[PDB]
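# Results of the structural survey
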Amino acid sequence: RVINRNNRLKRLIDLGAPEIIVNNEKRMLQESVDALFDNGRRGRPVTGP
Amino acid sequence: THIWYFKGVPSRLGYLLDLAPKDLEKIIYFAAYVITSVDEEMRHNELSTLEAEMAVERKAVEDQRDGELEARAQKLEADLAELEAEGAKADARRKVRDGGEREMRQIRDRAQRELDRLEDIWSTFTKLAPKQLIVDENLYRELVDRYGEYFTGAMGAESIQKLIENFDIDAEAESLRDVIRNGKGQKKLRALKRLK
Amino acid sequence: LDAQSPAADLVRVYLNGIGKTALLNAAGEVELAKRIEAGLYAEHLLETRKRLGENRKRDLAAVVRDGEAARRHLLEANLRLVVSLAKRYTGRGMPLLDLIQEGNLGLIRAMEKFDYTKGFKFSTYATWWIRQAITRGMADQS
């Protein structure tokens, strides 16, 4: 889950994306890493099926 | 940012930076801008000229609005005189007058709101300090296009890194120590906690 | 300060961030497509023919600024419909907050290949790409 979004950001940086979408994706990546280090620490925890 | 050092209460990042946990949550997830540095001496010297420019802008917008309103008042008076000449209904004349008054109040209040924005920009610029916030993005972009060469604003963990690399630990520690020297208990407890 | 926020919404936060943007009329796409195409031709000429005229320099800079503003000023309204397009494919175990980013990726991919002043409709043209992009992304987890 982390690596998908990191690669998407790497792809969006060099395509000259507008500021809003890259800001959103950076927020998403930060949330993903935070889930990686400790799940359930904030808001709705990530859960599998 | 590492999750542990900003979420687990007491959030040591907040204690280090003297920021409310809500503020840190906002700034981390890209919901507000914060100031990284300000060239205080440059803005202090340029305050006079910048005040001159702000006053010029204010008087320009005020003159334009006053002239436009005067023209509208003259045309409205001409319309009312024509209504008197045409011998129409007096109540219809009062309806026209009330509509014109509504238009005038609307336009004058629009100019008042715009000058409110204009002065709010100056008020925000005057007391700019590091570790502040600007939630309203319109306000922030206006500050950018006005004085980008006079302040530095950022958002997200990059701002946190910039703040950290501009930290003089020893000076802040000794300032906290001397605050501890005085007996102000309510401030003393906070000083002790941040010192810890 | 021991402060906390509910933080029960994130997508709502994003849509709040972009919700103040107005919608566009039926033929509002060409108004900016012409500007961006003229800007592209102007910048190609600048990279080919240079130092010809001092007034031409400021004119070409102005038209390039117009093209950039156009590129920024035709994207905002489409998010209010990309969210709806994504919502049609929710509940399949993948967060719609994930769907929206690839939806925007398809959006830019379609916008950059809109047309050459050819008569068409912007919204359906965008959807033609957005649906396939988001469905491809959803299938990619398999």
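A brief report on the enclosed structure follows. (Residues numbered from 1 in each chain as written, not as in the entry; some residues may be left out. Chains lettered and ligands numbered in written order. Part of a larger assembly, values for the part shown. Heavy atoms only, no water. Residues with missing side-chain atoms left out of burial classes, pairs and counts.)

### Digging into the overall build of chain B
Broken down by element type, chain B carries 9 helices and 2 strands. Listed N to C, the secondary structure of chain B is α-α-α-β-α-α-α-β-α-α-α in terms of helices and strands. Here the C-alpha atoms of chain B give a radius of gyration of 27 Å, more than 25% beyond the 16 Å that 2.2 N^0.38 yields for 196 residues. Seen through its C-alpha atoms, chain B measures out along the principal axes to roughly 85 × 35 × 35 Å. Pairs at least 24 apart in sequence give 68% of the contacts found in chain B among residues at least 6 apart. (Helix = DSSP H or I, 4+ residues; strand = E, 2+ residues; numbered from the N terminus. Rg over C-alpha atoms; globule rule 2.2 N^0.38 Å. Contact = heavy atoms within 4.5 Å.)

### Some words on the side chain of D34 of chain A
Following the sequence through the fold, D34 of chain A ends up in helix 2 (residues 19–37). Buried charged residue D34 of chain A carries no salt bridge. Nearest counter-charge: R42 of chain A, at 5.8 Å. In contact with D34 of chain A, other than residues within four places in its own chain, are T1, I3, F6 and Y29 of chain B. (Buried < 20%, exposed > 50% of the residue type's maximum accessible area, 1.4 Å probe, protein only. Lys, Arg positive; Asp, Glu negative; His and termini not counted. Salt bridge = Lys/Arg side-chain N within 4 Å of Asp/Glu carboxyl O.)

### Describing the interface of chain C and chain B
Listed as interface residues are 6 residues of chain C and, on the opposing side, 9 residues of chain B. Around 530 Å² of area is buried between chain C and chain B when both sides are counted, 57% of it from carbon and sulfur atoms. Its largest share of buried area at the contact with chain B, chain C owes to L1, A3 and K20 of chain C, together 68% of the area lost on that side. At the boundary of chain C and chain B, one finds 1 salt bridge. Notably, a salt bridge pairs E137 of chain B with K20 of chain C, separated by 2.4 Å at the nearest N-O pair. Of the residues belonging to the side of chain C that touches chain B, the class tally is 3 nonpolar, 1 polar and 2 charged. (Buried area = accessible area lost by both parts, 1.4 Å probe. Nonpolar A, V, L, I, M, F, W, Y, C, P; charged D, E, K, R; others polar.)

### Regarding the interface of chain A and chain B
If you look at the interface, chain A gives 10 residues, while chain B gives 13 residues. Buried surface at the junction of chain A and chain B, summed over both partners, amounts to about 1,100 Å²; 55% is from carbon and sulfur atoms. Where chain A touches chain B, the interface holds 2 salt bridges. We note a salt bridge from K26 of chain A to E158 of chain B, for which the minimum N-O separation is 3.6 Å. Where chain A touches chain B, the interface holds 5 residue pairs in polar contact. Across the side of chain A that touches chain B, the residue classes break down as 1 nonpolar, 2 polar and 7 charged. (Polar contact = N/O pair within 3.5 Å; in protein donor to acceptor, adjacent residues only side chain to side chain.)

### Points about the nonpolar core
Residues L12 and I21 of chain A together with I130 of chain C are the most contacted members of the largest nonpolar core, which totals 19 residues. Those elements giving two or more residues to this core turn out to be helix 2 of chain A together with helix 1 (11–18), helix 4 (79–87), helix 5 (96–112) and helix 6 (122–140) of chain C. The biggest single contributor to this core is helix 5 of chain C, with 5 residues. Each residue touching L12 of chain A, except ones within four places of it in the same chain, is listed here: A17, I21, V22 and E25 of chain A together with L105 of chain C. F6, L19, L24 and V34 of chain B belong to the second-largest nonpolar core, a separate cluster that totals 12 residues. (Core = buried A, V, L, I, M, F, W, Y, C linked by side-chain atoms within 4.5 Å.)

### Details of a positive patch on the surface
A contiguous patch of positive charge, built from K187, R190, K193 and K196 of chain B, is present on the exposed surface. Secondary-structure assignment places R190 of chain B in helix 9 (residues 185–195). (Patch = residues over 30% accessible without salt bridge, like charges linked within 9 Å, V, L, I, M, F, W, Y side chains within 5 Å. Areas by Shrake-Rupley, 256 points an atom, 1.4 Å probe, with all protein chains shown as cover. Charge placed at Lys NZ, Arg CZ, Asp CG, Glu CD.)

### As for empty space enclosed by the protein
Roughly 90 Å³ of volume is contained in the largest cavity. Lining the largest cavity, in full, are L24, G28, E29, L32, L74, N78, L107, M111, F122, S123 and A126 of chain C. Elements with a contribution of two residues or more to the lining of the largest cavity: helix 2 (28–48), helix 5 and helix 6 of chain C. Residues belonging to the lining of the largest cavity are distributed by class as follows: 7 nonpolar, 3 polar and 1 charged. Space inside the second largest cavity adds up to approximately 70 Å³. Around the second largest cavity sit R8, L12, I21, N24 and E25 of chain A together with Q101, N104 and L105 of chain C, which together line it. Every element with two or more residues in the lining of the second largest cavity is listed here: helix 1 (2–13) and helix 2 of chain A together with helix 5 of chain C. Residues of the lining of the second largest cavity, tallied by class, amount to 3 nonpolar, 3 polar and 2 charged. (1 Å grid on protein atoms, 1.4 Å probe; cavity = no way out; pocket = protein on both sides within 12 Å on 5 of 7 lines; lining within 4 Å. Points joined across faces, edges and corners; volume = space filled by probe spheres on them.)

### Focus: the packing of aromatic side chains
Inspection of the entire model under this criterion finds 7 aromatic pairs over all chains. With a centroid separation of 3.7 Å and 10° between ring planes, the pair formed by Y33 of chain B and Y140 of chain B is classed as stacked. With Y33 of chain B in the loop between helix 3 (21–28) and strand 1 (34–38) and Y140 of chain B in helix 6 (residues 137–147), this pair connects stretches of sequence that are 107 residues apart. Under the relative-accessibility criterion, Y140 of chain B is labelled buried at 9%. Joined through ring pairs, the aromatic side chains of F114, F120, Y125 and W129 of chain C make up one cluster. Over the ring of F125 of chain B we find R43 of chain B; its NZ or CZ atom is 5.6 Å from the centre of that ring. (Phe/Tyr/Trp six-rings, centres within 6.5 Å; stacked < 30°, edge-to-face > 60°. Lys NZ or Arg CZ within 6 Å of the ring centre and 35° of its normal.)

Treat this as a map of the structure, not an account of what it does.
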